[PDB]
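What follows is a short report on a single structure.
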Amino acid sequence: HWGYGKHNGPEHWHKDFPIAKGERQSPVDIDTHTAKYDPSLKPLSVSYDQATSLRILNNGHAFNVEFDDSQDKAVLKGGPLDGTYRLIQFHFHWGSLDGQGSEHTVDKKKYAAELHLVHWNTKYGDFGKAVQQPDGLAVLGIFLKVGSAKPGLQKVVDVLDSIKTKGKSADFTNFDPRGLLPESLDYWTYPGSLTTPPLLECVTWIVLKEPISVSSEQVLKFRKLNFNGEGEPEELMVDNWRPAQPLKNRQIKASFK
Ligand SMILES: [Zn+2]
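Structure (structure tokens):
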């Protein structure tokens, strides 16, 4: 019964998931004055031309746009990564107000929302085995600010009414996730965790420096989603973000000077 409410939010998660107080928890604050350029990094390779989206699902915590991950169709490689990571889903975290909603922060700045493109390392055969490994996942994180509309997000926004409540899903084929990326692929990277229970420490984070802009109308439609199931009291799906966690014995590396 974890969530983001008044009595089950992030500060309670440790009771059922003790790794919430672990050594490699996410998100973190990205201090641009201490992150160091790493010349050993590569450019990222984002290969989404063959991506096959399937479905969108309201899981009661966010919504996931799900992909066919049974072949190397949409993969992330390069950067800090060894091997090939397949896109399984993306989702967002967002606020009730434009001044909060992101999970990572940059010099303590909160963005309006954050996009997570979740990928798993093909050497481990399936997602569920990957999350048991320190290098099982690679999550591409992208900040959202409110400004101009993002055209490539509109198809997502216009299906949200069909998945208002927990447990609803809808067909979601032929969505191109390239329409969610900013121009630059400059990034910060560090080792961390899933940001929801079970909070497993299996993630290579790759957080893009350049945010994307979404419109106030787009964000407002996200804020009409519900945490609750149909026929239950309405609880708006807002403020579904975990705050920054202690960096501990980690370094954040930058791909750019
Ligand atoms: Zn996430």
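So that you can map any letter, position 181 of the sequence shown is 184 in full-length UniProt numbering, and since no number is skipped, the others follow by simple counting. Backbone N, C-alpha and C define an ideal beta-carbon position, used for all residues, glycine too.
If we require 4 or more residues per run, which alpha helix (DSSP H) segments fall completely within the region 167-254?
219-225
Whose C-beta lies closer than 8 Å to the C-beta of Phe-95 among residues of the same chain, with five residues either side of it excluded?
Mapped onto the sequence shown, residue 95 falls at position 92. Result list for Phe-95: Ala-65, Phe-66, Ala-116, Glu-117, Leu-118, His-119, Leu-147, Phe-225, in chain order.
Does the contact criterion of 3 or more C-beta pairs under 8 Å hold for the region 45-52 versus the region 80-90?
yes
Which residue comes first and which comes last in the beta strand (DSSP E) that contains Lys-80?
Counted from its first residue, the sequence shown places residue 80 at position 77. It spans 78-81 - the beta strand (DSSP E) in which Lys-80 sits, taken as one unbroken run.
Using the beta-carbon count (16 or more within 10 Å), is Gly-63 buried or exposed?
Taking the sequence shown and counting its residues from 1, the one referred to as residue 63 is at position 60. When all chains shown are included, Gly-63 counts as buried.
Cβ neighbours of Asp-174 in the same chain (closer than 7 Å, five flanking residues each side left out)
Position 171 of the sequence shown holds residue 174. Cβ neighbours of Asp-174 beyond the five flanking positions: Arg-58.
Consider the C-beta atom of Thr-198 and the heavy atoms of ligand 1; say whether any pair is separated by less than 7 Å.
To locate residue 198, count along the sequence shown from 1; it is residue 195. Result yes, Cβ under 7 Å from ligand 1.
For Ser-151, collect the residues of the same chain with a Cβ closer than 7 Å to its Cβ; drop the 5 residues on either side in sequence, then sort them by chain order.
Reading the sequence shown from its first residue, position 148 is the one you call residue 151. So the qualifying residues of the chain are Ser-216, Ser-218.
By Cβ distance, which residues of its chain are closer than 7 Å to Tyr-114, with the 5 residues on each side in sequence left out?
Locating residue 114 in the sequence shown gives position 111, where the first residue counts as 1. Contacts found: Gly-104, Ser-105, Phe-146, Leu-147, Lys-148, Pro-214.
Assuming contact is defined by CB atoms lying nearer than 8 Å, are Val-121 and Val-142 in contact in what I supplied?
Position 118 of the sequence shown, counting from 1, holds the residue named residue 121. Position 139 of the sequence shown, counting from 1, holds the residue named residue 142. Yes.
How close, in whole Å, do the beta carbons of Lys-158 and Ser-187 come, if the pair is a contact with beta carbons under 8 Å?
Position 155 of the sequence shown, counted from the start, is the residue given in the question as residue 158. Position 184 of the sequence shown, counted from the start, is the residue given in the question as residue 187. With 8 Å as the limit, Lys-158 and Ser-187 do not qualify as a contact, their Cβ atoms being about 23 Å apart.
Can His-96 be considered in contact with ligand 1, in the sense that its beta carbon sits closer than 7 Å to one or more heavy atoms?
Counted from its first residue, the sequence shown places residue 96 at position 93. Yes; taking the cut-off as 7 Å, the Cβ of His-96 has a heavy atom of ligand 1 nearer than that.
Measure the Cβ-Cβ separation of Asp-189 and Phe-259 and say whether it is below 8 Å.
Within the sequence shown, residue 189 is the residue found at index 186, counting from 1. Within the sequence shown, residue 259 is the residue found at index 256, counting from 1. Closer than 8 Å, so yes.
Residues in its own chain within less than 6 Å of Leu-250 by CB, not counting five upstream and five downstream?
Residue numbering aside, residue 250 sits at position 247 when the sequence shown is read from its first letter. Correct list, in chain order: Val-31.
Fully enclosed by the region 55-110, which beta strand (DSSP E) runs are 3 residues long or longer?
56-61, 66-70, 78-81, 88-97
Could you tell me whether any non-hydrogen atom of ligand 1 is closer than 7 Å to the CB of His-36?
As a working note, residue 36 is residue 33 in the sequence shown. No, the beta carbon of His-36 sits no closer than 7 Å to any heavy atom of ligand 1.
Could you have a look at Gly-155 and say whether DSSP puts it in helix, strand or coil?
Position 152 of the sequence shown, counted from the start, is the residue given in the question as residue 155. Residue state, collapsed to three classes: helix.
Output the boundary residues of the alpha helix (DSSP H) element that contains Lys-148.
As a working note, residue 148 is residue 145 in the sequence shown. Here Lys-148 belongs to no alpha helix (DSSP H); instead the beta strand (DSSP E) covers 140-149.
Cβ-heavy atom distance, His-119 to ligand 1, below 7 Å:
Start at 1 with the first residue of the sequence shown, and residue 119 comes out as number 116. Checking the Cβ of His-119 against ligand 1 gives yes.
Out of curiosity, what's the CA-to-CA distance linking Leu-163 and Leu-228?
Counting from one through the sequence shown, the residue named residue 163 turns up at place 160. Counting from one through the sequence shown, the residue named residue 228 turns up at place 225. Cα-Cα distance, rounded: 7 Å.
Roughly how many angstroms separate the alpha carbons of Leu-84 and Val-241, rounded to a whole number?
By one-based count along the sequence shown, residue 84 stands at place 81. By one-based count along the sequence shown, residue 241 stands at place 238. Rounded to the nearest angstrom, the two C-alpha atoms are 32 Å apart.
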